[PDB]
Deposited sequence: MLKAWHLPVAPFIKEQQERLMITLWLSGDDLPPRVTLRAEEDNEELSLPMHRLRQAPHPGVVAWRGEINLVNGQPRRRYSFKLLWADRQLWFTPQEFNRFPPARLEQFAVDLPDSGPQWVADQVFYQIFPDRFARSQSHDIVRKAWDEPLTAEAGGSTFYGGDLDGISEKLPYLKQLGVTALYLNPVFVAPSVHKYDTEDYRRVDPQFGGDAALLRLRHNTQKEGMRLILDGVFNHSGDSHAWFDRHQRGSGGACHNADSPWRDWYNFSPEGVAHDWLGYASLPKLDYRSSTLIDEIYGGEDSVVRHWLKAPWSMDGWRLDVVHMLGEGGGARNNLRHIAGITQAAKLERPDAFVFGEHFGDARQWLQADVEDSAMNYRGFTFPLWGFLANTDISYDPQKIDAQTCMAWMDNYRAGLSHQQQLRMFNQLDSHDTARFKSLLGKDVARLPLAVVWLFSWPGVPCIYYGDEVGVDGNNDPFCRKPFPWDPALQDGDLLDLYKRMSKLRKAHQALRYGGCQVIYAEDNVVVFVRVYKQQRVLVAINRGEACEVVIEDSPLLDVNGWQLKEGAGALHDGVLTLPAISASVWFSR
């Protein structure tokens, strides 16, 4: 018995106030009835399906049902209940299930979709401001472990402005900046003033120019939002009594209850770092200052003249009351809600090194840095390591069971805006993590642009910057092309063009077709278009692709890599990734 469904055309179609759902089956003992299990206002519904007269593909029986759209919440969850005379079988995002699927692991489509619909059309680039580019108004000194992280190399926002032509050439359409607000460090997560841009990066005037220049170049701009904790030099806290009524040293301070102090008097902070005291969101004035008020920090940078496109929320998972994460979900929801009040299409996403599904499944934020659903699966399958740099021996089966299990908790629209990257300012460079297997790096780059989600390049990844974890992953960008991997740069350029060109790489469903040992093969699917991606992490090999109605096309045009598809046989060279378009 076989089944196919993806939460996208040609399988679904909105028509008047109805969502038409289509399921494909094939086999010797086909169920005489199929129930479409849908949900309206959390109530499970048994909607009957009827067999269509016309076979969509050779040997394929199609069933159709309908979800009434006038009632219910925007997120439409559903799955398929196959019924024989004596038994039942569920069809789900994770294949067949002998017992009912989790409600939160069904197929799901957001109709109406109130999310930030521009995110799926973007190529993102993350910039650590000090290490990217100096404006026109020493840079090669090697980063050390003692000093690296306290050393300013002097990049600024005008430097970013001046490099916009390079970033457009690369294919970038959106910037995510690390913290830019006034703060004593080079990274600036120890916020001193949420209202002013640090002069070291060019101050307010330079961020105004960057907003203008990105606007003019059609590029989005996201700022790093640090609200779990403040800096210990902030006027609110003020470790060093640079002011009169700080919270650290005055019981009568207007902000004494914006922090939690123990019975002994030690402030609660972030993972033991005393320069990052944690903000106590029990206090209703702190709530008004961060997101509740009309000119709260969250809304301030989203209205004119700043008009930023959204927020990356630092340490999103620990923000809360009383020195810990109590009432975290409510407060992240409040931040996101405040952001959308100011700008309805604001993109709000959270830093989640761990499992973000509970946050995303309650819709408290649009998206997450997809470390669990994308990054660490690739670290393990490709680089034999993981978040703790513990050894990892997982094959294609396991890698794709993992990636597909995570996605299953997410609607199609949520999947398309997940923030996928290979590394960041808080990890070792992926190129370094590969060690002797560095030839696998182009495979990751292709995967990054073809897996559902929006891709984000970590600055310098594209020209082959390497290095170990913080501080060594914050190397200065090498603008000397003699220090640049130009072949790798071109791969990023070509992939962003493939993604810009083909709707299925931005809007399409995703079906893993083959996942065994060293080879992953999946197809993106949108209307009549198909994009096939074959990844081979090991020696050269041949693989048989079973006749599949998802691949029933006029023909295949190879677009990247040296793989070859003929009569259902994929010939894959050693350590390769290939992409085909259907013609």
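Unmodelled regions of the deposited sequence, numbered from residue 1: 1, 139-144.
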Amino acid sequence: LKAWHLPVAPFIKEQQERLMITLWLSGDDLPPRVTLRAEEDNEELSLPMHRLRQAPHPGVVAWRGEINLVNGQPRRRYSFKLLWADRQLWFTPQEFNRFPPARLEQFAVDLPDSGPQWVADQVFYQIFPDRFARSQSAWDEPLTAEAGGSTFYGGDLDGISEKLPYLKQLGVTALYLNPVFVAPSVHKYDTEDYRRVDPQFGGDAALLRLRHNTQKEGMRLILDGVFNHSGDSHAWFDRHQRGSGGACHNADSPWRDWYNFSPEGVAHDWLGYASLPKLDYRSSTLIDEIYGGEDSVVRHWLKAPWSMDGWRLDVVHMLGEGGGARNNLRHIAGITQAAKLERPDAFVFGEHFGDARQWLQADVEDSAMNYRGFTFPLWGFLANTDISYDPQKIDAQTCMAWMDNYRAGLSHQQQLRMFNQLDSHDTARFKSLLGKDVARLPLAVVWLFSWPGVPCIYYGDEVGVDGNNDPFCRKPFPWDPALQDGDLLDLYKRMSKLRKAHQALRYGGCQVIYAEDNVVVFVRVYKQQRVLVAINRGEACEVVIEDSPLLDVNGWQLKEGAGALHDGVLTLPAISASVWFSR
From here on, numbers count along this sequence of modelled residues.
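The deposited model assigns a higher average Cα B-factor to 149-157 than to the other stretch when 149-157 and 375-383 are compared. In this crystal structure, the stretch out of 15-23 and 557-565 whose C-alpha atoms carry the higher mean B factor is 15-23.
Remark: of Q241, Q392, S432, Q415, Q241 shows the highest value [criterion: C-alpha B-factor in the PDB entry]. Which of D288, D110, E365, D485 has the largest Cα B-factor in the deposited entry comes down to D288. Per-chain ranking of the deposited C-alpha B factor places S450 in the lowest third. Remark: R524 belongs to the lowest third of its chain, ranked by C-alpha B-factor as recorded.
Sort the modelled residues of the chain by CA B factor and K2 lands in the middle third. Sorting the modelled residues of the chain by their CA temperature factor places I535 in the lowest third. Ranked by Cα temperature factor within the chain, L341 sits in the middle third according to the deposited record.
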